[PDB]
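This report refers to the structure that appears directly beneath it.
Side chains included, hydrogens not; waters and symmetry mates left out as well; all remaining heavy atoms used. Sequence positions, counted from 1, serve as the residue numbers for this chain.
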Amino acid sequence: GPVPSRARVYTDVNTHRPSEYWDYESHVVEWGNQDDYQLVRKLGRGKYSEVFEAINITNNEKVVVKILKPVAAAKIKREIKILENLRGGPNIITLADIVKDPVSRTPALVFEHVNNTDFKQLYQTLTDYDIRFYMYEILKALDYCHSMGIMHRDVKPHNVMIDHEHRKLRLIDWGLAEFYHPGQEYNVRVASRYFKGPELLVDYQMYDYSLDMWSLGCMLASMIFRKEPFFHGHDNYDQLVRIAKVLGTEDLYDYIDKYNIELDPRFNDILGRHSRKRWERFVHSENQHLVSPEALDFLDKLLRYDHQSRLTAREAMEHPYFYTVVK
Ligand SMILES: Nc1ncnc2c1ncn2[C@@H]1O[C@H](COP(=O)(O)OP(=O)(O)OP(=O)(O)O)[C@@H](O)[C@H]1O
Ligand SMILES: Cc1ccc(O)c(-c2ccc(C[NH3+])cc2Cl)c1
């Protein structure tokens with residue numbers, strides 16, 4: 001069967017913290033008063049919730065209310081416990097309160113409001129310097145949650161709030177986040193298609209924090225190369241083929257060989273044979289202002305098949321790509 005895997009970092013965090021820290025099922029929610037909040041406008045409606053701009057009428061401050069759609073009780077307590085454990089961490093969204101919505105009869109998560117700059121505007125206008133600056137802010141959030149025994153599992157632009165005016169970044173939507181327990185087999189149906197790590201695409205369930213680093217690499221590649229999304233799969237199978245056309249099939253076969261994974265037989269007909277492409281191949285006159293040897297070397301170290309061989313968030317912060325960033 002598949003060979004087991006453990007993270008190379010923060011393996012023992014949930015072991016040396018008390019059971020109350022990670023045992024989200026046993027957590028007793030301290031309910032706030034829904035009357036403290038007045039809904040202003042609907043901001044969005046996702047697959048798991050309806051999001052509203054609101055006012056905390058006790059201090060007249062702008063807040064965001066995430067009214068959870070009815071889903072398994074376990075999923076809701078896990079998000080709450082993770083948000084509470086991470087509260088106050090660098091660039092982590094602050095959960096201000098938890099109330100019972102009077103209409104839905106479900107929990108409503110109250111968060112600090114972030115004046116998020118338009119995604120299009122950020123994608124099209126962030127400079128080489130700003131990309132490095134914001135990547136460093138994301139790494140602060142990832143190293144914090146990983147050091148706290150949590151993996152996000154849904155790192156992507158939609159889950160990163162940027163208030164560009166105040167150079168403020170927040171990592172949001174901890175709805176897919178999980179506690180990392182060495183040897184635990186996790187559901188591979190996490191992250192959005194273009195951000196899925198090769199471990200998820202090959203159905204390797206013993207993954208860890210390093211999945212977030214692959215997702216981060218996907219975000220970076222699209223941004224610096226002006227190729228949205230960087231790995232543009234038509235489905236989860238073609239998603240692996242898109243990766244293989246850049247990283248090559250030989251290192252993919254080495255990866256599956258090392259972990260004793262058996263590829264789904266449907267790959268035999270679609271994967272073909274591909275050599276690794278040098279990162280300089282993706283450079284052209286419309287993206288050369290966002291690329292540098294440091295950017296390419298950094299990307300190279302995140303987008304690796306072997307989840308164990310990727311830079312951790314802390315090593316990533318030491319990379320020459322960030323030397324120019326004012327600290
Ligand atoms: N703290 C916040 N400040 C400002 N806007 C927010 C905040 N939190 C969430 N939003 C807005 O709500 C959107 C969705 O939030 P979230 O992803 O947590 O809900 P979801 O159920 O996953 O919805 P979706 O399916 O759209 O992702 C975000 O993309 C963002 O635009
Ligand atoms: C530094 C960096 C790199 C790649 C990205 O897509 C982003 C980014 C993050 C969040 C949003 C807004 N939701 C937009 C962008 Cl471009 C940032």
Side-chain angles (χ1 to χ4, degrees), residues 10 13-14 17-34 36-37 39 43-54 56 59 61-101 104 106-116 137-156 158-163 168-181 186-187 190-191 209 211-212 215 313:
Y10 308 129
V13 174
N14 288 321
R17 282 193 177 267
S19 84
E20 293 72 33
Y21 181 87
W22 50 262
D23 177 20
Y24 54 87
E25 301 285 2
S26 305
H27 183 65
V28 189
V29 172
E30 285 167 40
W31 302 93
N33 297 134
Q34 63 83 16
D36 287 345
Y37 309 95
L39 302 185
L43 295 173
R45 185 182 198 167
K47 289 195 157 185
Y48 292 95
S49 69
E50 211 169 42
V51 175
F52 294 83
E53 182 186 293
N56 185 334
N59 49 50
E61 285 211 86
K62 261 200 184 80
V63 296
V64 159
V65 179
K66 175 176 173 178
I67 309 162
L68 306 179
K69 282 188 189 172
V71 60
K75 197 182 187 282
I76 294 147
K77 309 196 93 189
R78 183 182 70 183
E79 182 168 2
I80 290 166
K81 194 62 205 175
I82 284 166
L83 286 161
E84 283 187 350
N85 290 345
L86 300 178
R87 187 160 49 211
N91 304 325
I92 306 289
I93 199 71
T94 301
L95 173 67
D97 212 351
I98 303 141
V99 302
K100 182 156 270 187
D101 182 83
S104 71
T106 68
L109 303 184
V110 184
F111 299 96
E112 59 168 308
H113 178 269
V114 175
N115 186 3
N116 176 232
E137 296 299 304
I138 300 168
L139 286 171
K140 288 185 186 163
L142 289 186
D143 190 44
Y144 188 73
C145 74
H146 298 166
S147 74
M148 296 288 283
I150 294 145
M151 49 189 162
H152 190 277
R153 310 197 295 176
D154 201 21
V155 174
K156 61 178 184 180
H158 181 72
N159 284 341
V160 177
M161 297 278 97
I162 300 174
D163 175 7
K168 196 176 106 292
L169 182 142
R170 299 287 182 268
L171 181 57
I172 69 157
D173 194 358
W174 296 81
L176 275 191
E178 198 36 288
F179 291 93
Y180 175 68
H181 295 291
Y186 293 97
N187 197 328
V190 296
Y209 315 111
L211 172 66
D212 295 340
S215 299

Legend entry - Spacing of CG belonging to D212 relative to CG belonging to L139, to within rounding of 0.5 Å: 11.0 Å
Inset, instruction - Examine distances only and state if a side-chain atom of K156 and a backbone atom of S215 form a donor-acceptor pair shorter than 3.5 Å. - result: no
Inset, instruction - Indicate yes or no: at least one non-hydrogen side-chain atom of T106 is less than 4.5 angstrom from one of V71. - result: no
Legend entry - Exceeds 12 heavy-atom contacts within 6.0 angstrom, atom OH of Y48: no
Legend entry - Stacked cation flag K81 on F179, 6.0 angstrom / 45 deg: no
Legend entry - Gap between atom CD1 of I98 and atom CD1 of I80 - 0.5 Å precision: 4.5 Å
Legend entry - Stepwise side-chain contact (heavy atoms from CB on, under 4.5 Å) check, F111 with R170: CA-CA 11 Å; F111 299 96; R170 299 287 182 268; over 6 Å; no
Inset, instruction - Would you name the heavy atoms of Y24 and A74 that are closest together and state the gap between them? - result: CE1-O, 3.5 Å
Legend entry - Atom pair CD1/CG of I92 and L86 - distance to nearest 0.5 Å: 5.0 Å
Inset, instruction - To the nearest 0.5 Å, tell me how far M161 CE sits from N91 CG. - result: 13.0 Å
Legend entry - Partner residues of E50 under the side chain to side chain contact (heavy atoms under 4.5 Å, CB included) criterion, sequence neighbours left out: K42, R45, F52
Legend entry - Closest approach of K66 to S49 (non-hydrogen atoms, all atoms of both residues): CG-OG, 3.4 Å
Inset, instruction - Could you note down all residue pairs passing salt bridge (charged side-chain N to carboxylate O under 4.0 Å, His left out) where residues 139-151 supplies at least one of them, sequence neighbours left out? - result: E137-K140
Legend entry - Heavy-atom side-chain proximity of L211 to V190 below 4.5 angstrom: yes
Inset, instruction - Only counting residues at least two apart or in another chain, list the ones meeting side chain to side chain contact (heavy atoms under 4.5 Å, CB included) with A108. - result: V65, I67, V99, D101
Legend entry - Given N115, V114, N116, the one that forms side chain to side chain contact (heavy atoms under 4.5 Å, CB included) with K168: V114
Inset, instruction - Output yes when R78 and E178 qualify as a salt bridge under the 4.0 Å nitrogen-oxygen rule, no when they do not. - result: yes
Legend entry - Sub-4.5 Å side-chain heavy-atom contact between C145 and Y209: no
Inset, instruction - State, yes or no, whether a side-chain contact exists between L68 and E79 at a heavy-atom distance under 4.5 Å. - result: yes
Inset, instruction - May I ask you to decide if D173's main-chain N or O and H152's side chain share a donor-acceptor pair within less than 3.5 Å? - result: yes
Inset, instruction - Determine whether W174 and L95 make a side-chain contact, defined as any pair of heavy atoms from C-beta on separated by less than 4.5 Å. - result: no
Legend entry - Close side-chain approach of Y21 and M148, heavy atoms under 4.5 Å: yes
Legend entry - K100 atom NZ: more than 12 heavy-atom contacts under 6.0 Å: no
Legend entry - Crowding at CD, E30 (>12 non-hydrogen neighbours, <6.0 Å): no
Inset, instruction - Could you walk me through whether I138 and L169 pass side-chain contact (heavy atoms from CB on, under 4.5 Å), step by step? - result: CA-CA 8 Å; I138 300 168; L169 182 142; 3.7 Å; yes
Inset, instruction - Give, for atom CD of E61 and atom NE2 of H113, the distance between the pair rounded to the nearest 0.5 Å. - result: 11.5 Å
Inset, instruction - Might you work through the side-chain contact (heavy atoms from CB on, under 4.5 Å) test for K62 and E53, ending with a clear yes or no? - result: CA-CA 7 Å; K62 261 200 184 80; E53 182 186 293; 3.6 Å; yes
Legend entry - From CZ (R153) to CG (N159), nearest 0.5 Å: 13.0 Å
